[PDB]
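# Report on the structure
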Amino acid sequence: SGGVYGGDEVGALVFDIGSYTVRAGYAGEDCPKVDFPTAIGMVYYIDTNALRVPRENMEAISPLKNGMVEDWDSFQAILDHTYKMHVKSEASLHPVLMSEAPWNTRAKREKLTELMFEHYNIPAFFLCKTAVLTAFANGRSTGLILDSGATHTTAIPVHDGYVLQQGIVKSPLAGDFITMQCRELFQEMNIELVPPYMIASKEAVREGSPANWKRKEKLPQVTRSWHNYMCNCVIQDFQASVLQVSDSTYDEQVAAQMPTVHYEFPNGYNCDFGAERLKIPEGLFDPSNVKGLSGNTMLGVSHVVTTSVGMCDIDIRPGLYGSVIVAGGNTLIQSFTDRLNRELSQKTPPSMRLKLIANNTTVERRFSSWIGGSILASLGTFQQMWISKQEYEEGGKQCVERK
Amino acid sequence: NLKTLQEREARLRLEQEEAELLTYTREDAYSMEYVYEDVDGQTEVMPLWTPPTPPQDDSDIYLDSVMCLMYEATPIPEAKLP
Amino acid sequence: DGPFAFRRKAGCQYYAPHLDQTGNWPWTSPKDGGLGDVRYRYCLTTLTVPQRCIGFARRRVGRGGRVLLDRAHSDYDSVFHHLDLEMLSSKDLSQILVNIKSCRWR
Amino acid sequence: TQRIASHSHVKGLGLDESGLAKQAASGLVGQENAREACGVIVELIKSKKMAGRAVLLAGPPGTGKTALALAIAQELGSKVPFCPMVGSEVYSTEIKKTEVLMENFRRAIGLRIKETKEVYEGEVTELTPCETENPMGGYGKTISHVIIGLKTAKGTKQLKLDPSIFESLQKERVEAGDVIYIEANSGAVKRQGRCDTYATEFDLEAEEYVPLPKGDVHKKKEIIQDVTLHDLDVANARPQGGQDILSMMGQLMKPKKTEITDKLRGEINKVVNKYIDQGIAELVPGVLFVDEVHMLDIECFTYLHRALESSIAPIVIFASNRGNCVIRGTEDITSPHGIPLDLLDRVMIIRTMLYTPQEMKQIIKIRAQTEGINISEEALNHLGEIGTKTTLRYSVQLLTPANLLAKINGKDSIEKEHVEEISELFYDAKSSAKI
Amino acid sequence: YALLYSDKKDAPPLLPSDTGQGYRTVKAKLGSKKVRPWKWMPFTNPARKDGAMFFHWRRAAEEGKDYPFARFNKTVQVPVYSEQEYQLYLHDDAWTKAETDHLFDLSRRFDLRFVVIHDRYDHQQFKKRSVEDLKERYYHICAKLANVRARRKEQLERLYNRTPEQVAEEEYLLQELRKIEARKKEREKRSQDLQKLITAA
Amino acid sequence: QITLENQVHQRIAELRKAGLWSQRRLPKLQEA
Ligand SMILES: Nc1ncnc2c1ncn2[C@@H]1O[C@H](COP(=O)(O)OP(=O)(O)O)[C@@H](O)[C@H]1O
Ligand SMILES: Nc1ncnc2c1ncn2[C@@H]1O[C@H](COP(=O)(O)OP(=O)(O)O)[C@@H](O)[C@H]1O
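Residues numbered from 1 in each chain as written, not as in the entry; some residues may be left out. Chains lettered and ligands numbered in written order. Part of a larger assembly, values for the part shown. Heavy atoms only, no water.

Header annotation of the entry names cryo-EM as the structure determination method and lists the resolution as 3.2 Å.

All right, on to the packing of aromatic side chains then. Tallied over the entire structure, the rule returns 39 aromatic pairs over all chains. With 5.7 Å between their ring centres and 35° between their planes, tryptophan 226 of chain A and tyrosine 229 of chain A make a pair best called tilted. Highlighted residues: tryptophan 226 of chain A and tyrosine 229 of chain A, both in helix α5 (residues 224–241), separated by three residues, approximately one helical turn. No difference in accessibility class separates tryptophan 226 of chain A from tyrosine 229 of chain A, as the two residues are buried. On the numbers, 5.4 Å between centres and 55° between planes, the contact of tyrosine 67 of chain E with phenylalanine 69 of chain E is tilted. Per residue, the accessibility class of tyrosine 67 of chain E equals that of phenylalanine 69 of chain E, and both read buried. In this structure an aromatic cluster arises from ring pairing among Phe186, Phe238, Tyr263, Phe265, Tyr269 and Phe273 of chain A. Between the NZ or CZ atom of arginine 339 of chain A and the centre of the ring of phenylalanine 285 of chain A, over which it lies, the distance is 5.2 Å. (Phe/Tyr/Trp six-rings, centres within 6.5 Å; stacked < 30°, edge-to-face > 60°. Helix = DSSP H or I, 4+ residues; strand = E, 2+ residues; numbered from the N terminus. Buried < 20%, exposed > 50% of the residue type's maximum accessible area, 1.4 Å probe, protein only. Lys NZ or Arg CZ within 6 Å of the ring centre and 35° of its normal.)

Moving on: a negative patch on the surface. Side chains of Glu417, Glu420, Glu421 and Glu424 of chain D sit close together on the surface and give a patch of like negative charge. With respect to the helices, strands and loops of the structure, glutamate 417 of chain D is situated in helix α13 (residues 416–425). (Patch = residues over 30% accessible without salt bridge, like charges linked within 9 Å, V, L, I, M, F, W, Y side chains within 5 Å. Areas by Shrake-Rupley, 256 points an atom, 1.4 Å probe, with all protein chains shown as cover. Salt bridge = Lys/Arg side-chain N within 4 Å of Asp/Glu carboxyl O. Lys, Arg positive; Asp, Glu negative; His and termini not counted. Charge placed at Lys NZ, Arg CZ, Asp CG, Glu CD.)

Spatially, β3(B)-β1(C)-β1(F) is the arrangement adopted by the three strands of the open sheet, whose pairing is antiparallel. Strand pairing shows two members of the sheet lacking a second neighbour, β3 (71–73) of chain B together with β1 (29–30) of chain F, which therefore form its edges. Sheet topology places β3 of chain B next to strand β1 (residues 14–17) of chain C; two bridges connect them, and they run antiparallel. Bridge pairing in β1 of chain C places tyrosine 71 of chain B opposite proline 17 of chain C. (Pairing = 2+ DSSP bridges.)

Residues and elements named next belong to chain D. Around ligand 2 there are 16 residues in total, and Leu28, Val29, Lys65, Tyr355 and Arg393 lie nearest to it. Here an oxygen atom of ligand 2 and a backbone polar atom of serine 6 are 3.4 Å apart. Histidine 9 places a side-chain nitrogen or oxygen 2.8 Å from a nitrogen atom of ligand 2. Broken down by secondary-structure element, the contributors of at least two residues to the shell around ligand 2 are α2 (65–76) and α9 (357–371). Per element, the largest residue contribution to the shell around ligand 2 is three residues, and it comes from α2. A breakdown of the residues in the shell around ligand 2 according to their chemical character gives five nonpolar, eight polar and three charged. Per-domain counts for the shell around ligand 2 show at least three residues from each of domain 1 (1–107 + 236–354) and domain 3 (355–435). (Near = heavy atom within 4 Å. Polar contact = N/O pair within 3.5 Å; in protein donor to acceptor, adjacent residues only side chain to side chain. Nonpolar A, V, L, I, M, F, W, Y, C, P; charged D, E, K, R; others polar. Domains from an automatic or database assignment.)

Each α-helix winds once per 3.6 residues, and so residues spaced three or four apart point in a common direction. Across its 27 residues, helix α7 (residues 174–200) of chain E extends 39 Å between first and last C-alpha, which sits within 8% of the 39 Å expected from 1.5 Å per residue. Listed in full, the buried residues belonging to α7 of chain E are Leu177, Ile180 and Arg183 of chain E. (Expected span 1.5 Å × (residues − 1).)

All names here are of chain A. Within the structure, ligand 1 sits among 16 residues, and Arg23, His152, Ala240, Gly329 and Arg366 are positioned closest to it. Between ligand 1 and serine 19 there is a distance of 3.1 Å, counted from a nitrogen atom to a backbone nitrogen or oxygen. The separation between a nitrogen atom of ligand 1 and a polar main-chain atom of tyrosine 20 is 3.5 Å. Protein chains bury 90% of the 570 Å² of accessible surface belonging to ligand 1 in isolation.

Our focus in this paragraph is the sheet that holds strand β4 (residues 67–71) of chain C. With antiparallel pairing, the four strands of this open sheet are ordered in space as β4(C)-β3(C)-β2(C)-β1(E). Each edge of the sheet is formed by a strand with only one pairing partner; in this case those strands are β4 of chain C together with β1 (4–5) of chain E. Pairing geometry for strand β2 (residues 41–46) of chain C and β1 of chain E, over two bridges, is antiparallel. Residue pairing in the sheet places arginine 41 of chain C in a bridge with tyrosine 5 of chain E of β1 of chain E.

So, about the interface of chain C and chain B. Where the parts come together, the accessible area they lose is often given as the size of the interface. With 46 residues of chain C at the interface, the matching set in chain B holds 38 residues. Considering only the side of chain C, the residues that lose the most area to chain B are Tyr15, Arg59 and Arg104 of chain C, jointly responsible for 19% of the buried surface there. There are three salt bridges connecting chain C and chain B. Between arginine 59 of chain C and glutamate 33 of chain B there is a salt bridge, and its shortest N-O distance comes to 3.2 Å. (Contact = heavy atoms within 4.5 Å. Buried area = accessible area lost by both parts, 1.4 Å probe.)

Quick look at the side chain of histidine 56 of chain E now. Structurally, the position occupied by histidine 56 of chain E is in strand β3 (residues 54–59). Within the structure, the side chain of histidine 56 of chain E is placed 3.1 Å from the side chain of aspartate 8 of chain A, a separation counted as a polar contact. Setting aside residues up to four positions removed in sequence, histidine 56 of chain E forms contacts with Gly7, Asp8, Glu9 and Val10 of chain A together with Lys39, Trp40, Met41 and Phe43 of chain E.

What the rule picks out here adds up to 51 salt bridges over all chains. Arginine 8 of chain C serves as the salt-bridge partner of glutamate 157 of chain E, at 2.9 Å between the closest nitrogen and oxygen. One end of the pair, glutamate 157 of chain E, is in helix α6 (residues 156–170); the other, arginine 8 of chain C, is in the segment before β1, on a second chain. Exposure remark for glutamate 157 of chain E: the relative accessible area of 29% places this residue in the partly exposed category. Overall, the relative accessible area of 35% leaves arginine 8 of chain C in the partly exposed class. The salt bridge partner of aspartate 111 of chain E is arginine 113 of chain E, with a shortest N-O separation of 3.4 Å. With a relative accessible area of 18%, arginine 113 of chain E lands in the buried category. One network of salt bridges, with partners in common, ties together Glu175, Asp178, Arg191, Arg194 and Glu208 of chain D.

Attention shifts here to the interface of chain A and chain E. Residue-level contacts link 44 residues of chain A with 36 residues of chain E. Summing both partners gives a buried area of about 3,400 Å² for chain A against chain E, and 55% of it is carried by carbon and sulfur. Considering only the side of chain A, the residues that lose the most area to chain E are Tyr5, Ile314 and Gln384 of chain A, jointly responsible for 19% of the buried surface there. A salt bridge links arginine 162 of chain E to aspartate 315 of chain A, with the shortest nitrogen-to-oxygen separation between them at 3.9 Å. Put simply, chain A and chain E have 14 residue pairs in polar contact between them. Among the elements of the structure, β13 (162–163), α7 (317–321), β19 (387–388) and α10 (389–393) of chain A are those that each provide at least two residues to the side of chain A that touches chain E. Considered class by class, the residues forming the side of chain A that touches chain E number 20 nonpolar, 13 polar and eleven charged.

This part covers the pairing of strand β13 (residues 315–319) of chain D. Residues and elements named next belong to chain D. With five of its five residues buried, β13 lies for the most part within the structure. Burial along β13 is two-sided: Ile315, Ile317 and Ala319 facing one way and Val316 and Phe318 facing the other are all buried. Inspection of the sheet shows strand β1 (residues 54–56) paired to β13 by three bridges, in the parallel sense. The partner of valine 55 across the bridge, within β13, is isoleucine 317. Of the strand pairs in this sheet, strand β12 (residues 287–291) and β13 are connected by five bridges, and their pairing is parallel. The residue of β13 that forms the bridge with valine 287 is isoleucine 315. Of the crossover connections in this fold, the one passing from β12 over helix α7 (residues 298–307) to the parallel β13 is right-handed. (Right-handed = clockwise from strand over helix to strand, strands pointing away.)

And the structure:
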């Protein structure tokens, strides 16, 4: 047994581009060695460190709007900076396996392929969907890829490795909503403050008492959008630290009796949220009484999944319900997976097997797309599907029929 | 002495919670085969999960496993009428 | 009984459905799932140089032609370590009931 | 090598579930009443409630008394011991007759002795954790425990044994890397030898390297040893251990089989009962088949009808072939079956009638089958006829020679011509009487 | 309890790797040999369908061996009819030449995965079609081509009976599904009573 | 008799409304 048919590893720099955080890394590896914010400090500074140093303007902008790249200049800048700094690998030295959303337009896809084959001259390229990779990451050919990115929640189903484009449900509920609600709650109870970006030093503060600190005399940073991003940073920190998802219909009788939890703001202001820390992660599943939009009509996570299942043929639903694939950042919140499982079980029609893949223990759910991309690249049979430079220079440059 | 025995037992327990075994002894296990005998004395070979083998002909008909979730097979007899 | 009837037939073969037990992909147990492929089966095995039963395991080929031996956890993972006394030849009958002494030799 | 004996077809009394007799009784045919009596007495034996009971298999020659004896023996099974003896074996020039009879009685009795021992083994890693001096006295340096790192094939397990054993460890060459044989209660260390893993091919030595132990360190070895009472008698008879017993001239004459009643009974019986009621052994009385009992001297019968009176005497199956004859060692004292009339009153007589010609044919056919040679109908009929004419045992002996004659003549089955030729080449004693 | 079945991995498990210990024990074992040179050499896969060439880790002793996985590219058996063949045999009223060509292109691209075909089917250029309809059309065309060149009867009515009934079942409301389960239990009780009766007789 | 008959009747009446039934009467799948 020589294992000649094991697999092949030929470059394939996977670049999973995401609205909250972009990911990258070589194929064959299990975890992406590159993970930094996606928003660039456009005056271009794109790095976990460069994006935290005060300068003249440094306006924050995310090239991907609704998961769709629109500002090609900023996208090219991000790619070039990533390569040069983290990878240090020549552009035209290794292929690329960038990922895309299931709702990528044909014109935008062709433009991405052109940018890949013209300014970088990479030896080969292949653009696979994010849901497909997320499914391959879990070794699943059929299932519901419940993406919960920072700007969209979509239960995309896949059939035999192919995404069902008509089954996607782009629910606005996402991390941005949770962050906005947390910002509103803070502004209601206290004043949201910038991270240490401006705080010179903190002091001891009694729980619930006003905090005292020293202001830095650095640049004013008139750009409010940058201040908004710096505040969203702390908002996301709060969300991932203490914010917890309810486990029931969220009646106002049990939450008042649960244990209390603490949290310290950048300035040292200590406050407890044990009473309403689970009020914000409610619209995700029950968007019926959210204070922000009381007269809205949205579908929760379970509702989105049920709709995505129903909009597709019934012949595949047995393989969709039984292989629900939870992914994305929002899911790492405490009790999120359990609440989702409970809601789907009480909602899903009995006699149909419902199984939630046990992958919430680790934070690898975010990187599921990159893991699936690296897995696909490491395959030997897949080595023929790459869009080589010859196929592009020939004149076709048609990724629709080839993908 | 009792406290020392207790702490030694605790320490030993902590050691057992990291990893029992981590190697496979490729010297023989790598190439050697595995076989067992059931209660009835019947023999069976250990199936090792290998990658997909190269198909030399048109065999290995498409199975569509995802369809088997509700269907098992097709019997020979049927209703045999319009 | 109603329009939905099996009266229709032609020169072809029809697959019959299984009732009272919905199955799953081949990587599920036949007892709970259906058509459980042995390729995804974890069975008790005994190593060569060691003389201890590592529990349920399955042989698998990995990258680079190297063969791995995955494992599973069940029955506290302790009763199987003592099961060596049953493969070499309550906690004594349990080793004979939980399994059919189908432990892999060598 | 199968090595077919004279009469091996017998496998058991072959009695039905109800206890009656049938024709195809597991090899033995005919003898309904005799086989039923054999079943009754074997049920008795299995009961293990009565002792010192004797049975006489009286019957004319050729009735298969030894056949049914071996049948009942096999039915008893190899579990219980079965000591076959002939009257001639009692005549010994070194040991008196009655003592030989008592030794045979002892042999007929079995005894299973169990022995469970908890022993620890494995590669040793000696280490003494330093401990403060005896707290009852002053200060200094002491050792409260001695940890031994026994490593077995399955894993490793350190034992915090008693420190007093340190003397035993130093006594034997117990160095780190060898296999030791520890004992739970005794604690004595017995080094088996170094591990084979260190037995470099260039090291010339034997009996010093042993393989690693397979299994857990703690092993509860359960062993059972079945030895007859005579074995224990012999073991406790002769000495062992020094005492200048290594001499050749004045000691090589080991045949001192002479035995006394004090040692035979008394202490041995008491220790056997102690092992029985304590759970260390289980008594297993067997059977003593004594064929040609008529060959024994009156001095033997006078001791037999007294030993059978003992509570420890086992079941005896006498098989007398002679009829009314003078008892050996007596002056023209005629008694039935050559046995004194006093002993015949203590034995149950199982009469065996003569085999019917059909039974003769059945026996010849089954013996031919056991031998593995096919015989034609005419040849089998001729064999049955000649076995009816003369003794039956003559016919069965004509199978193998006739088989070889047939095989040499180019044919497989024994044709009538072959048996006819053998009957003229070989004949019986009745025809040989024509001097 | 019984043996376990799992695809990827369980919660606490762990797998053993190969041995590389006891260098002293195996010092001369591996010291008396060398390593075959491995080279980052270029390889050309014939299944590329073009002149592109990539690299791969292979030993210098087999500079050939174009590609092992090349023999996995088995294309599905999809007939390729001409325009005249369609005009003479496959002409239809509801369907058209362009629509049949698009259907066949999707079939060849997705390997006869009618579900993915319908999913990606261009409902704009051509009016809505159902999966069973596409299957019927494809099988009819294949049968006609196999006949004129000189496999089993396809019944769209069956798919018309399976999918809607199974959908109506999947849409069973909670209360009516519980009532159906209760009726099933009652039928099982009746069967048990009949068994008891026939046994007592 | 007094009640089992009525139960059997109401079960047979409510057995199959128009064909849909989870226990049986499932159109068999076509081969491909
Ligand atoms: N357009 C997108 N497509 C796919 N995944 C996305 C997209 N935008 C964001 N994500 C994922 O969603 C996550 C959002 O992070 P967030 O939920 O705020 O983190 P946490 O809740 O764990 O603190 C990111 O980790 C990112 O990988
Ligand atoms: N019932 C029987 N069935 C088969 N063979 C028999 C039978 N009875 C006697 N024999 C044969 O007789 C031969 C010897 O018989 P044996 O037991 O020695 O009687 P005895 O000791 O009186 O001569 C044996 O070889 C055996 O094959």
